[PDB]
Trainee: 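Sharing a structure here in structure tokens format.
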Amino acid sequence: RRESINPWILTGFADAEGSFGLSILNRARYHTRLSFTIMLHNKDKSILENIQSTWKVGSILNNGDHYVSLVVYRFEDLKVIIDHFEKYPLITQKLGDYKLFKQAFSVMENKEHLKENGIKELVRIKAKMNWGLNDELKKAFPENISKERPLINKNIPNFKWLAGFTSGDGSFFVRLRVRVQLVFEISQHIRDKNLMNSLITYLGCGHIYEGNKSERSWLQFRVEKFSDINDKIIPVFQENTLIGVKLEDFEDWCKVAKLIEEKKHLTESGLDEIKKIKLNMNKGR
DNA sequence: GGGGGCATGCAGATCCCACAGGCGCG
DNA sequence: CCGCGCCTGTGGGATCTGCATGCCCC
Ligand SMILES: [Ca+2]
Ligand SMILES: [Ca+2]
Ligand SMILES: [Ca+2]
Ligand code: NA
């Protein structure tokens with residue numbers, strides 16, 4: 001097939017679903033492997049097939065019977081990833097993992113990792129990447145095992161980025177309690193609270209719910225007023241369209257919202273049509 | 001000729017998704 | 001009374017992330 005993704009839409013999807021990896025396994029020879037991975041359900045397998053088509057790089061492998069992932073692992077292959085994220089930077093705290101990813105690329109590019117000092121520099125880089133060093137790798141190289149990293153406070157660059165972030169970690173659904181209510185919600189780890197609260201001002205609507213800050217690792221940005229949803233959330237994603245099955249979930253979302261606008265959610269066939277839309281909305285296509 | 005990186009995966013940990021009920025308020 | 005929407009709460013899987021190596025080339 002043939003497809004191409006907007007560069008800013010892709011960065012937003014990377015901020016939500018991407019992952020930068022640096023594995024150092026024993027072979028004192030060491031297996032060092034840089035990677036960038038986006039693993040998704042098979043329902044969204046065409047995104048990864050399309051992102052591979054945009055970057056013209058990467059491999060697609062099966063992960064189980066229901067999941068698929070795009071993994072970029074070759075050295076020359078990783079050059080296109082950095083060139084994309086140098087001009088379209090990541091916004092969430094994952095950008096720090098990319099920064100350490102870029103440093104690791106340069107060390108391997110200069111062939112420094114083939115010596116003892118080069119491996120020591122990368123295990124120090126890996127210490128700050130994602131979940132840090134494992135217990136076995138922390139047995140050696142206890143010099144700089146500090147897993148903490150400078151936090152990343154950044155603002156939303158554009159709505160094209162938001163479409164890719166929403167396509168990842170967002171959700172469009174409809175509640176029936178009978179009464180009809182459309183709800184838009186984005187969840188995220190508490191580490192990007194300042195970025196999540198940016199959406200209140202960036203969108204002019206929505207609320208932030210956290211619960212007990214202790215013993216809960218993630219907050220929620222949610223908008224429930226229909227006026228804010230029909231006027232300030234749906235047009236902004238019609239101009240900057242989403243990707244993956246989230247688009248079709250969003251498509252049927254506005255189809256239901258059009259019925260609520262015409263006040264047609266009182267007829268028996270209106271809710272019967274609304275219920276049929278929901279029956280294949282998120283559990284289905 | 002062999003050391004390092006490619007090929008192509010498999011396995012673990014958790015951050016999400018897609019909701020739920022209660023209820024004060026206009 | 002009706003119905004909207006703030007507010008608190010969540011199971012579990014789709015994510016994020018980690019682990020693995022025989023074999024290829026140069
Ligand atoms: Ca995410
Ligand atoms: Ca997702
Ligand atoms: Ca996600
Ligand atoms: Na959705």
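Throughout, a chain's letter reflects where its sequence line sits, starting with A, and its residues are numbered from 1.
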Trainee: Thinking salt bridges, do A:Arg149 and A:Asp97 make one under a 4.0 Å N-O criterion?
Mentor: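 Counted as a salt bridge, because a side-chain N and a carboxylate O are separated by less than 4.0 Å.
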
Trainee: Provide the distance between the two P atoms, one in B:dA18 and one in C:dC16, to the nearest whole Å.
Mentor: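 It comes out at 12 Å once rounded to the nearest Å.
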
Trainee: List for me each residue that meets side-chain contact (heavy atoms from CB on, under 4.5 Å) alongside A:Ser19, sequence neighbours excluded, and say none if there are none.
Mentor: none

Trainee: Whole Å only: how far is the NE2 atom of A:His41 from the P atom of C:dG13?
Mentor: 11 Å

Trainee: By nearest atom, which of the nucleotides B:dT14, B:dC10, C:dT15 is closest to the A:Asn63 side chain?
Mentor: B:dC10

Trainee: For atom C1', what is the distance between C:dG13 and B:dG21, given to the nearest Å?
Mentor: 23 Å

Trainee: Report the residue from A:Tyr98, A:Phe13, A:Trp55 that forms a ring pair (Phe, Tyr, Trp, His ring centres under 6.0 Å) with A:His84.
Mentor: A:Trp55

Trainee: Please confirm whether A:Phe20 and A:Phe85 have ring centers closer than 6.0 angstrom.
Mentor: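 For A:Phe20 and A:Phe85, the ring centres are under 6.0 Å apart.
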
Trainee: When A:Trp253 is tested against each of A:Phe226, A:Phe237, A:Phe172 for ring pair (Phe, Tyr, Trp, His ring centres under 6.0 Å), which residue passes?
Mentor: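 Output: one option passes, namely A:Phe172.
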
Trainee: Expressed in angstrom and rounded to an integer, what is the separation of A:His31 atom NE2 from C:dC24 atom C1'?
Mentor: 13 Å

Trainee: Flag the pair A:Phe75 / A:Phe105 as yes when their ring centroid distance falls below 6.0 Å, and as no otherwise.
Mentor: yes

Trainee: Nearest-Å distance, CZ (A:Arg216) to P (C:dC7)?
Mentor: 14 Å

Trainee: Which nucleotide in the list C:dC16, C:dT10, B:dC19 gets nearest to the side chain of A:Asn282?
Mentor: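 When the side chain of A:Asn282 is considered, B:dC19 is the closest of C:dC16, C:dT10, B:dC19.
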
Trainee: Under 5.5 Å centre to centre and under 30° between planes: does that hold for A:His189 and the six-membered base ring of B:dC15?
Mentor: no

Trainee: Nearest to the side chain of A:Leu25, heavy atoms from C-beta on, is which of C:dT15, B:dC16, C:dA20?
Mentor: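 Out of C:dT15, B:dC16, C:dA20, the nucleotide with an atom closest to A:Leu25's side chain is C:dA20.
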
Trainee: Taking the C1' atom in each of B:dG5 and B:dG9, what is the distance between them to the nearest angstrom?
Mentor: 16 Å

Trainee: Closest approach to the side chain of A:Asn130, judged atom by atom: which nucleotide of C:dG18, B:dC17, C:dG9 is it?
Mentor: C:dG18

Trainee: Please state how far atom CG in A:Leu34 lies from atom P in B:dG5, giving the value in whole angstrom units.
Mentor: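 Roughly 10 Å, once rounded to whole Å.
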
Trainee: Tell me the interatomic distance from A:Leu22, atom CG, to B:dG5, atom P, rounded to whole angstroms.
Mentor: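 Whole-Å distance recorded here is 13 Å.
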
Trainee: Examine the side chains of A:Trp161 and A:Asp15 and answer whether a donor and an acceptor come within less than 3.5 Å of each other.
Mentor: yes

Trainee: Would you kindly give the CG-to-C1' distance between A:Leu195 and B:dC16, to the nearest whole Å?
Mentor: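 Rounded to the whole Å, the gap is 15 Å.
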
Trainee: When you check every protein heavy atom under 4.0 Å of nucleotides 20-26 of chain B, what one-letter string (B, S, -) results, 5' to 3'?
Mentor: BBBB---

